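>>> PDB entry and its sequence, pasted below:
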There are 2 protein chains.
Amino acid sequence: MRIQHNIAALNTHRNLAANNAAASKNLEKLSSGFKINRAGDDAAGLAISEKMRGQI
Amino acid sequence: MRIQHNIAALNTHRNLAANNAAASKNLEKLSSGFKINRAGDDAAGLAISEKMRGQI
C-alpha cells in the first residue's frame, strides 16, 4: 500500500518499455528501407514479394 | 485493605504492560514494512499473500 510496492512506477516502466520497443522497430524499418523484414511483420505479402522478385 | 495490597497500582501496571506491548507491535510493523509478520496477525490473507507471490 505505501512503501514496499509502488504500482504507478511499474505501469510507467511497462509503457516506457513498450515505447522503446516501438521506436526500435521504426529504426529497423528506416535503416533497412523495407517495411517487411520478418514474417511477423506481415505473412501475406512476404510470399507475394518473394514470388514477384522471382518473376522480375 | 490499606497497606499489604495496593490494587490501583496493580491495575495501572496491567494497563502499562498492555500499552507497551501494543507499541512494540506497531514498531515491528513499521520497521518490517509489512502488516502481517505472523499468522496470528491475520490467518486468511497470509495464505492469499503467499499464493499471490507465487503467481507473481
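Arrived safely, thanks for sending. Numbers count the residues shown, from 1 in each chain, chains lettered A, B, ... in the order given.
>>> Helix or strand: which one has the most centrally placed residue in chain A?
In chain A, the centroid-proximal residue (Cα atoms, centre = their mean) is residue A:25; its distance is 4.1 Å. Element membership of residue A:25, judged by DSSP states H and E, is helix A:7-32.
>>> Likewise for residue A:51?
Using DSSP H and E, residue A:51 falls in helix A:43-55.
>>> So which residues make contact with that helix?
Under the criterion Cβ atoms under 8 Å, 6 or more residues apart in numbering or on different chains, residues A:36, A:39 lie in contact with helix A:43-55. The way it works is simple: take the backbone N, C-alpha and C, and place the C-beta from them, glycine included.
>>> Send me it as PDB with only the CA atoms.
Presented in PDB, the C-alpha positions along helix A:43-55 are these (Å, rounded to 0.1, in the frame of the first residue of the first chain):
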ATOM      1  CA  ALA A  43       2.700 -13.000 -43.500                       C
ATOM      2  CA  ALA A  44       0.600 -12.400 -46.700                       C
ATOM      3  CA  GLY A  45       2.900 -10.100 -48.600                       C
ATOM      4  CA  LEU A  46       6.200 -11.700 -47.800                       C
ATOM      5  CA  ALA A  47       5.200 -14.600 -50.000                       C
ATOM      6  CA  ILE A  48       3.900 -12.200 -52.700                       C
ATOM      7  CA  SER A  49       7.100 -10.200 -52.500                       C
ATOM      8  CA  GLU A  50       9.200 -13.300 -53.000                       C
ATOM      9  CA  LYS A  51       7.200 -14.600 -55.900                       C
ATOM     10  CA  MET A  52       7.300 -11.100 -57.500                       C
ATOM     11  CA  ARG A  53      11.000 -10.900 -57.100                       C
ATOM     12  CA  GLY A  54      11.400 -14.300 -58.800                       C
ATOM     13  CA  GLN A  55       9.200 -13.100 -61.600                       C
END
